[PDB]
Ligand SMILES: Cc1cc2nc3c(=O)[nH]c(=O)nc-3n(C[C@H](O)[C@H](O)[C@H](O)COP(=O)(O)O)c2cc1C
Ligand SMILES: CC(=O)[C@H]1CC[C@H]2[C@@H]3CCC4=CC(=O)CC[C@]4(C)[C@H]3CC[C@]12C
C-alpha cells in the first residue's frame, strides 16, 4: 500500500494526513473582467479535497501581476469574496489549501496590463516565450510576450508591498497557507537568474543581490502573517521557460535555501524540471538541500508514486506534488492507495474553456 505516502505530516500551521499533494495548476478559467474565481473552480477544488495539501493555481498579487487571461487574482474585494467560497468548500471536505501567489513580470502581454502598457521585470529583455490570451469568443490562444520595462529602484518597495497585501488578503480569504511563486521564469525568478537580470543596483549582480527581492518578500509576508504560514516554490536547477539559473546554479541554490531557512518558514517546494526536460537531481544535491532546510520539503516534476516513495523513504523529501495526475484524478490519493488505474489525461482542455476537461474526470 505504498509505505509512507499515506502517513501524516506537519506542514507549518496545519497537518496533512498524507503526502500526496496537488501541485499548483494554472487552468485559466476565471471570469473576466475582474479575474474572479468561479463556482466551477470551487467545485474542481472541492473534488480534490482529499489531497494532503491542495496548492492553488498561480494567483495574482496585483493587477500589474497579471500575465495570462483567465488567471485569478487575490487583490480585489470581488476576488477575496470568491476565494472565501472556494476555501470554505475545501474545508467542508476536511481539506487544506494553500494559495500560490505570483507576479508574472515579463511573461505577460501589454493588452492585459493596466493602461495597456508594457509589463515590468528586472531588466528590459523580452521573455521570448508565449503567454495565453483570450480571443473575441473567450477561447484561450497563444501570444508572444511583450518586451518589459525595467523596474525603477523606487518601484521595488511597491512590489514587496503587493506581496504583503496579497498574503493579508489570503488570510482573510481563509487559505491555510501561501506559496510564493519564486520559480519558472516569473518575476521573483527573473531577479534571481543572471540570464534575465542585468541590473547594476543592489538587485543585480551577485547572488546576494539577485536573491534580495525574494528575501525581502519572504520577510514581509512572514511579518504580515506568520512564518509557519509561508511556503515558497523555487526551480533553481535547470532551465525553465528560457530562464536558466546561472553558471553557479548549485552554489546559488544553496545560498538561497540557507537564507530561507533563517526565516523558519513552513516549506520549500522544489520544482525539479520544466515541462520539457531537465537533468535529474543528484542524490548528493538532495542531501545538501535537506541539511540546509528545517521545514517540509516538497518534491515535484514528473514524479511517479515509486519515485516519491523512494525519496521520502530515503528521508530526502517529505511530500510530493503531482500536477497532471491531479488534473485527471480528483481522488488521486485513493487511486494511489489502492493501486487503481488512472483516468487518461486530456491536455487540450488544460487551459481555458469550461467544465469539460475540468470537473469532468470521475472519481472511483
Ligand atoms: C496545465 C499546467 C499548469 C501549471 N501551472 C502552474 C502554476 O500555476 N504554478 C507552478 O508553480 N507550476 C505550474 N505548473 C507546474 C506544475 O505545478 C507541476 O510542478 C509540473 O505539472 C509537475 O509535474 P507533473 O505534472 O508531471 O506531476 C503547471 C503545469 C501544467 C501542466
Ligand atoms: C507554450 C504554451 O502554450 C504556454 C501557454 C500557457 C503556459 C503554461 C501556463 C501555466 C504555467 C505556470 C507555471 O508555473 C509553469 C509553466 C506553465 C505550465 C506554462 C508553460 C507554457 C504554456 C503551456
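Here is how the number arises for the chain: DSSP H runs of 4 or more residues each give -39500 (n - 2.57), the sum is divided by the residue count, and the result at 222 nm is -9000 deg cm²/dmol. For segment 241-364, the percent of C-alpha pairs falling in each 10 Å distance bin, counted from 0 to the bin holding the largest distance, reads 11, 35, 32, 19, 3.
Could you state the orientation-averaged shadow area of the convex hull built on the Cα atoms of segment 297-348, in nm² to one decimal?
Approximately 3.8 nm², given one-decimal rounding.
Starting from the Cα of residue 363, move 7 Å in the Cα-to-Cβ direction to define the label point; list residues of segment 313-330 whose amide nitrogen is under 16 Å from there. It comes to 326-330, nothing else. Hydrodynamic analysis of segment 157-222 uses the Kirkwood radius over alpha carbon pairs. Inserted into Stokes-Einstein at 10 °C and 1.306 mPa s, it gives a translational diffusion coefficient of 127 µm²/s.
Stretched out straight at 0.36 nm per residue, the stretch from residue 206 to residue 91 would grow longer than its current Cα-Cα span by 37.1 nm.
With contacts taken as Cα pairs under 8 Å at a separation of at least 6 residues, segment 135-248 carries a relative contact order of 31 percent. The Kirkwood radius of segment 91-217, taken over pairs of alpha-carbon atoms, gives through the Stokes-Einstein law at 20 °C and 1.002 mPa s a diffusion coefficient of 135 µm² s⁻¹. Of all DSSP-defined beta bridges confined to the chain, some 25% are antiparallel rather than parallel. In terms of the mean number of neighbouring beta-carbon atoms within 10 Å, the peptides 9-21, 25-37 order highest first as 9-21, 25-37. Alpha-carbon geometry of segment 146-274: the Rg and the Dmax are 14.1, 41 Å, given in that order.
For the chain, with equal point scatterers placed on the C-alpha atoms only and solvent neglected, what are the log10 I(q)/I(0) values from the Debye formula at q = 0.10, 0.12, 0.13, 0.15 1/Å, to two decimals? Values returned for q = 0.10, 0.12, 0.13, 0.15 Å⁻¹ are -0.56, -0.84, -1.00, -1.40.
Once you keep just the Cα pairs under 8 angstrom separated by 6 or more residues, what percentage relative contact order results for the chain?
Taking the mean separation of contacting Cα pairs over the length of the chain, I get 18 percent.
Taking 0.36 nm per residue of sequence separation and removing the Cα-Cα distance, the residue 282/residue 15 pair yields an extension gain of 93.2 nm.
Virtual Cβ from ideal backbone geometry, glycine too; neighbours counted across all protein chains shown. Laboratory data are not the source of any read-out in this text; all were calculated from the coordinates shown.
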